[PDB]
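Shown next: data_38.pdb, given as PDB, C-alpha atoms and all ligand atoms.
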```pdb
ATOM      1  CA  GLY P   1      -9.471  23.985 -14.679  1.00  0.00           C
ATOM      2  CA  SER P   2      -5.715  24.161 -14.154  1.00  0.00           C
ATOM      3  CA  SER P   3      -4.072  26.984 -16.103  1.00  0.00           C
ATOM      4  CA  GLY P   4      -1.773  29.643 -14.680  1.00  0.00           C
ATOM      5  CA  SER P   5      -0.415  28.009 -11.535  1.00  0.00           C
ATOM      6  CA  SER P   6       2.391  30.117 -10.069  1.00  0.00           C
ATOM      7  CA  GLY P   7       2.975  28.160  -6.874  1.00  0.00           C
ATOM      8  CA  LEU P   8       1.640  25.224  -4.871  1.00  0.00           C
ATOM      9  CA  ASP P   9      -0.029  26.887  -1.884  1.00  0.00           C
ATOM     10  CA  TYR P  10      -3.634  26.014  -2.726  1.00  0.00           C
ATOM     11  CA  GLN P  11      -2.768  22.524  -1.485  1.00  0.00           C
ATOM     12  CA  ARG P  12      -2.652  23.961   2.034  1.00  0.00           C
ATOM     13  CA  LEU P  13      -6.392  23.273   1.984  1.00  0.00           C
ATOM     14  CA  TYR P  14      -7.617  20.398   4.152  1.00  0.00           C
ATOM     15  CA  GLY P  15      -6.730  17.967   1.380  1.00  0.00           C
ATOM     16  CA  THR P  16      -7.748  14.336   1.816  1.00  0.00           C
ATOM     17  CA  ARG P  17      -4.766  11.996   2.127  1.00  0.00           C
ATOM     18  CA  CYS P  18      -5.129   8.210   2.174  1.00  0.00           C
ATOM     19  CA  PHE P  19      -4.162   6.759   5.555  1.00  0.00           C
ATOM     20  CA  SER P  20      -2.746   3.709   3.775  1.00  0.00           C
ATOM     21  CA  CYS P  21      -0.288   4.591   1.009  1.00  0.00           C
ATOM     22  CA  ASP P  22       0.005   8.199   2.179  1.00  0.00           C
ATOM     23  CA  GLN P  23      -1.254   9.741  -1.062  1.00  0.00           C
ATOM     24  CA  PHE P  24      -3.876  12.394  -1.807  1.00  0.00           C
ATOM     25  CA  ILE P  25      -7.195  10.801  -2.761  1.00  0.00           C
ATOM     26  CA  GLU P  26      -8.408  12.496  -5.941  1.00  0.00           C
ATOM     27  CA  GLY P  27     -11.913  12.071  -7.322  1.00  0.00           C
ATOM     28  CA  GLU P  28     -13.599  10.187  -4.489  1.00  0.00           C
ATOM     29  CA  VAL P  29     -12.621   9.125  -0.970  1.00  0.00           C
ATOM     30  CA  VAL P  30     -13.886   6.295   1.234  1.00  0.00           C
ATOM     31  CA  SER P  31     -14.674   7.467   4.765  1.00  0.00           C
ATOM     32  CA  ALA P  32     -14.156   4.610   7.220  1.00  0.00           C
ATOM     33  CA  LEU P  33     -13.803   4.678  11.007  1.00  0.00           C
ATOM     34  CA  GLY P  34     -13.457   8.449  10.807  1.00  0.00           C
ATOM     35  CA  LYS P  35     -10.558   8.178   8.370  1.00  0.00           C
ATOM     36  CA  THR P  36      -9.682   8.398   4.675  1.00  0.00           C
ATOM     37  CA  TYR P  37      -8.665   5.508   2.422  1.00  0.00           C
ATOM     38  CA  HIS P  38      -8.458   4.677  -1.285  1.00  0.00           C
ATOM     39  CA  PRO P  39     -11.040   2.582  -3.180  1.00  0.00           C
ATOM     40  CA  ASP P  40      -8.337  -0.048  -3.670  1.00  0.00           C
ATOM     41  CA  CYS P  41      -6.546   0.305  -0.334  1.00  0.00           C
ATOM     42  CA  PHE P  42      -9.606  -0.405   1.811  1.00  0.00           C
ATOM     43  CA  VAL P  43      -9.772  -3.935   0.402  1.00  0.00           C
ATOM     44  CA  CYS P  44      -9.140  -7.424   1.776  1.00  0.00           C
ATOM     45  CA  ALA P  45      -5.630  -8.360   2.901  1.00  0.00           C
ATOM     46  CA  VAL P  46      -5.600 -11.899   1.504  1.00  0.00           C
ATOM     47  CA  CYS P  47      -7.342 -11.750  -1.872  1.00  0.00           C
ATOM     48  CA  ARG P  48      -7.306  -7.946  -1.889  1.00  0.00           C
ATOM     49  CA  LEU P  49     -10.895  -7.746  -3.133  1.00  0.00           C
ATOM     50  CA  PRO P  50     -13.189  -4.702  -2.780  1.00  0.00           C
ATOM     51  CA  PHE P  51     -15.777  -5.277  -0.052  1.00  0.00           C
ATOM     52  CA  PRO P  52     -19.356  -5.135  -1.399  1.00  0.00           C
ATOM     53  CA  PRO P  53     -21.873  -2.490  -0.251  1.00  0.00           C
ATOM     54  CA  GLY P  54     -23.842  -5.337   1.296  1.00  0.00           C
ATOM     55  CA  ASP P  55     -21.841  -8.283   2.607  1.00  0.00           C
ATOM     56  CA  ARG P  56     -20.279  -7.829   6.046  1.00  0.00           C
ATOM     57  CA  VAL P  57     -16.619  -7.144   6.827  1.00  0.00           C
ATOM     58  CA  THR P  58     -14.472  -8.824   9.477  1.00  0.00           C
ATOM     59  CA  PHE P  59     -12.143  -6.705  11.611  1.00  0.00           C
ATOM     60  CA  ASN P  60      -8.703  -8.216  12.210  1.00  0.00           C
ATOM     61  CA  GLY P  61      -6.326  -5.875  14.012  1.00  0.00           C
ATOM     62  CA  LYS P  62      -5.303  -3.325  11.390  1.00  0.00           C
ATOM     63  CA  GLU P  63      -6.140  -5.152   8.160  1.00  0.00           C
ATOM     64  CA  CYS P  64      -9.601  -6.515   7.365  1.00  0.00           C
ATOM     65  CA  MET P  65     -10.651  -9.684   5.545  1.00  0.00           C
ATOM     66  CA  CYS P  66     -13.627 -10.598   3.358  1.00  0.00           C
ATOM     67  CA  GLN P  67     -16.287 -13.124   4.367  1.00  0.00           C
ATOM     68  CA  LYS P  68     -14.894 -15.490   1.734  1.00  0.00           C
ATOM     69  CA  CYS P  69     -11.435 -15.469   3.314  1.00  0.00           C
ATOM     70  CA  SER P  70     -12.569 -15.058   6.922  1.00  0.00           C
ATOM     71  CA  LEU P  71     -14.693 -18.177   6.445  1.00  0.00           C
ATOM     72  CA  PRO P  72     -13.289 -21.665   5.735  1.00  0.00           C
ATOM     73  CA  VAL P  73     -12.740 -22.588   2.086  1.00  0.00           C
ATOM     74  CA  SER P  74     -12.437 -26.051   0.545  1.00  0.00           C
ATOM     75  CA  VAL P  75      -9.424 -24.776  -1.395  1.00  0.00           C
ATOM     76  CA  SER P  76      -6.837 -22.772   0.545  1.00  0.00           C
ATOM     77  CA  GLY P  77      -3.159 -21.947   0.154  1.00  0.00           C
ATOM     78  CA  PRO P  78      -0.532 -19.297  -0.666  1.00  0.00           C
ATOM     79  CA  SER P  79      -1.617 -16.350  -2.813  1.00  0.00           C
ATOM     80  CA  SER P  80       0.245 -14.774  -5.731  1.00  0.00           C
ATOM     81  CA  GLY P  81       2.900 -12.132  -5.143  1.00  0.00           C
TER
HETATM   82 ZN    ZN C   1      -4.134   4.483  -0.481  1.00  0.00          ZN
HETATM   83 ZN    ZN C   2     -10.444 -11.864   0.894  1.00  0.00          ZN
END
```
Could you render the structure from this file as structure tokens?
Ligand SMILES: [Zn+2]
Ligand SMILES: [Zn+2]
Amino acid sequence: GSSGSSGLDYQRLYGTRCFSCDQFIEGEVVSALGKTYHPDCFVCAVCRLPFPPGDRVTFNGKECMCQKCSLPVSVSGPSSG
């Protein structure tokens, strides 16, 4: 638990920080390409959807896209803000 914290040195520990938003990943971390990212940060760049544990993932420079997006869709256009 957390009771009786005098200072903030314990942090010194390795500590896993997301290489996306630059924030400590509490609970669980997603190890990808020998790095650390959040469960919501390591998502598509267009639709921003979480890649399934099965389907494949396309690699585009820095950001990745989902099969759905990567592939041609009958209905395409600008996404919400
Ligand atoms: Zn993040
Ligand atoms: Zn997508």
Surrounding residues as a ChimeraX atom specification, ligand ZN 1 (chain C), max 8 Å, all atoms listed in the file: /P:17-23,25,37-42
Between atom CA of residue 65 of chain P and atom CA of residue 28 of chain P, distance in Å (one decimal): 22.5 Å
Coordinates-based distance that separates atom CA of residue 24 of chain P from atom CA of residue 46 of chain P (Å, one decimal):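 So the two atoms, atom CA of residue 46 of chain P and atom CA of residue 24 of chain P, lie 24.6 Å apart.
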Output of the PyMOL selection byres (((chain P and resi 64) around 12) and not hetatm), listed as a list in words: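 Selected by the PyMOL selection byres (((chain P and resi 64) around 12) and not hetatm) here: residues 41, 42, 43, 44, 45, 46, 47, 48, 49, 50, 51, 56, 57, 58, 59, 60, 61, 62, 63, 65, 66, 67, 68, 69 and 70 of chain P.
Interatomic distance, atom CA of residue 27 of chain P to atom CA of residue 12 of chain P: 17.7 Å.
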If you take every atom of segment 60-75 of chain P that the file lists and fit an axis-aligned box around them with 8 Å extra on each side, what centre and edge lengths come out in Å to one decimal, as AutoDock Vina command-line options?
```
--center_x -10.8 --center_y -14.7 --center_z 6.3 --size_x 27.0 --size_y 38.7 --size_z 31.4
```
Closest of P:7, P:72, P:1, P:53 to ligand ZN 2 (chain C) - atom-to-atom distances counting all atoms listed in the file: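 Residue with the minimum atom-to-atom distance to ligand ZN 2 (chain C): P:72.
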P:52, P:34, P:81, P:4 ranked by distance to ligand ZN 2 (chain C), top pick (using all atoms listed in the file):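 The closest residue to ligand ZN 2 (chain C) is P:52.
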